């Protein structure tokens, strides 16, 4: 009946998995088949994609410092996750997590998405700030459902082309 096992020390765990909180893996999911998706995310890792989560995301930056490039009231704001910070992101707020420090570790909690509720991933033009490409996905496994999504964007000039100013988006690296 204790489906997810008994209580364990969190720092030690983080230490035991330090080799997975670094590229290319970069994050690790604490429990499997749970309704709460509990993830530790490591560094370093930058990315150009923005996430459109239809549910809330909870952050607690345990070690080191990160930041979330945001889109808030139509402007490109930025949330700082200094060490020891917690943050609660409301549904659908577009966010792009940047984690430059090696050895950093941030607790990110989310919930499973019920059938029909779709996550969006989308990129924006560094020139005019328009929307360049959005992909909606039914998230089940974050490792089998998500790398291919980005890889197909990187590998297509068409998808990356701003439909407004014509500028082609850089792709993997800003």
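Numbering follows the first chain given and starts at 1.
Novice: If you average the CA temperature factors over each stretch, which comes out higher, 48-56 or 66-74?
Specialist: Here the higher of the two C-alpha B-factor means belongs to 66-74.
Novice: Mean CA temperature factor from the deposited coordinates, higher in 105-113 or in 25-33?
Specialist: Averaged over C-alpha atoms, the B-factors run higher in 25-33.
Novice: Among the candidates 141, 61, 138, 39, give the one with the maximum CA B-factor reported in the record.
Specialist: The record points to 141.
Novice: Place residue 10 in the lowest, middle or highest third of its chain's C-alpha B-factors, as listed in the PDB entry.
Specialist: Within its chain, residue 10 is a lowest-third residue by C-alpha B-factor, going by the deposited values.
Novice: Rank-wise, by C-alpha B-factor, drop residue 120 into the lowest, middle or highest third of its chain.
Specialist: It falls in the middle third of the chain.
Novice: For residue 134, return the chain-relative third of its C-alpha B-factor as stated in the PDB record: lowest, middle or highest.
Specialist: It falls in the bottom third of the chain.
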